[PDB]
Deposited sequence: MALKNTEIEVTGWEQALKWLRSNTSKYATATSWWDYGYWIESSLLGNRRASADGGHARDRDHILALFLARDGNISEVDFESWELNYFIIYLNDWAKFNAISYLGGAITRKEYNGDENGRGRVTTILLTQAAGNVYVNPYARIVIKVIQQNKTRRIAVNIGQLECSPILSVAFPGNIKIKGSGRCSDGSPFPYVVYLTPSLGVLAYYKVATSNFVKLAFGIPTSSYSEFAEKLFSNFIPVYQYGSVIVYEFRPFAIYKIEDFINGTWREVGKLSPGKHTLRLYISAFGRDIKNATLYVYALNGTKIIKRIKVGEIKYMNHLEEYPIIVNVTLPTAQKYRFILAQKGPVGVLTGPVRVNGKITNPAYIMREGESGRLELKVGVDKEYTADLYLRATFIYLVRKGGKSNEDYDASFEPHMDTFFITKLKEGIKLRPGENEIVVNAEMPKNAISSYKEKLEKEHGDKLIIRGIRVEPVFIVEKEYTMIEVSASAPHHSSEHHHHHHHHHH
């Protein structure tokens, strides 16, 4: 029997259900041979940022995917096999842990999977058997790896969230710094530094985080829209609502569906990687795919994406099949649909111009709807900052990735974009020192601890953009159906 990975089905899905201007990304380069007119994103500086997302948890894992115009993020269960690399590249583990020190010793297995085989979990190839033992009025998890038995730091069974401590030691006496997650069909064995990583959450639906509320927020930013085999396609919503409360007969109640009529709602907002600024809230009433009313319900001048707070609104919802909550604010749209030229010449679309340069810049960009855009030149620095070790060459070093973006210069106000391809022509001036200036700043701040991994200079179209925060089904509005005998 063939092993279906899920990839063939997932790409087919993406091709049939998403805009031709949508951006998908992934760890693995499946699909590299697919031909497009698109010079945009369908998936090595960005590797550190992908890994930063996947290998980490909480605040530091909040990467600004919006600046990439990211639409879909593909999670592949088989990436456990690449997880040391991802952990290393994302700053979760040291070089030593990643693949051994200079004597090939000390390497760590970040993620191992076991298959449920009734009451017990196995991986033949790794010679692993995980089982629950009952001894001394109590439960414990035993991980057997060859002849030695091992006690995980912590184990958590799902469904349940049933926590159960252990020693973090083997019968050997030797350390066992692993966490176990038991699900109905998988047993995940994770090294402690990556036990609550986002990959573990999204690959295996484990709702754990070292941080309070973080798993719940994450799941509103990444919506499973399709799955097959070992592939889950998540839609990215940078601004999302993870919990709504209706104020009902004097107390707040968590709600699923909403009835038409007046409501007072408390919206719990998760902002992922970027702040809310000068934002308007809406509700769009929808019948199927038709939008029948747009209602402004609020504004948010500013919310910090690391310290978000609930928002109270009052709304009269008309009758409709479902309600879509929208956040509108400034952000990027447009995918490059042909090559980019400076002064007649084809240039790199990731490095449009060097500091000091000048000239006619020619872009062709595709958008899904009409907008009025401003065009900027935007810089992106992806770099590493050594944490630990006494040198970039020391094996006890880990490297923490960073991504800073800033707008270098505005090139044009009030471009009218049209659904489909748009040809754009403008005069462009790179200030000398735009890049070097920032490079020096980082150098001065971090010293030898700094490794720059990528610098980009990119054209970016800024518009009032609509973001989908959540979709809520309407409830039936009342309240025998013999009315239809001998009808039609």
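- Several segments of the deposited sequence have no coordinates for C-alpha: 1-6, 50-57, 494-497, numbered from the first residue.
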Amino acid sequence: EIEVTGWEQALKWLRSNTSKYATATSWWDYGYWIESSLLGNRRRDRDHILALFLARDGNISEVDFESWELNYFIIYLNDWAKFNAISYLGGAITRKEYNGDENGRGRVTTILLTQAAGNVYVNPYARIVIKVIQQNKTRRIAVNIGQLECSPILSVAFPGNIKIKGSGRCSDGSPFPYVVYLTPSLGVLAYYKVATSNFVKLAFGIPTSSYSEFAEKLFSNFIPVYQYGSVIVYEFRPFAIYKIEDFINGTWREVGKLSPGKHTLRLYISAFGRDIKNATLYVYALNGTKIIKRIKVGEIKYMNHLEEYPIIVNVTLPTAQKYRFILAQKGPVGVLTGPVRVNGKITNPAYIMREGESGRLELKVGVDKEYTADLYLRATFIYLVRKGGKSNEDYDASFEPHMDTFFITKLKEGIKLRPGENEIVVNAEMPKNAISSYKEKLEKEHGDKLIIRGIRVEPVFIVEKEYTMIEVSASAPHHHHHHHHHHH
From here on, numbers count along this sequence of modelled residues.
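- In this entry, 140-148 has the higher mean Cα B-factor, the comparison being between 245-253 and 140-148.
- A summary of the deposited B-factors shows that, of 168-176 and 310-318, the stretch with the larger mean C-alpha value is 168-176.
- Residues shown: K330, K201, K96, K345. Highest C-alpha temperature factor in the entry: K345.
- Within the listed group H48, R456, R56, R43, the record reports its top CA B-factor for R43.
- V231 sits in the lowest third of its chain by CA B factor, as recorded in the PDB entry.
- For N422, the recorded CA B-factor ranks within the highest third of the chain. Only modelled residues enter the ranking.
- When the modelled residues of the chain are ordered by C-alpha B-factor, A22 sits in the middle third.
- When the modelled residues of the chain are ordered by their C-alpha B factor, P124 lands in the highest third.
- The entry lists a Cα temperature factor for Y72 that places it in the lowest third of the chain's modelled residues.
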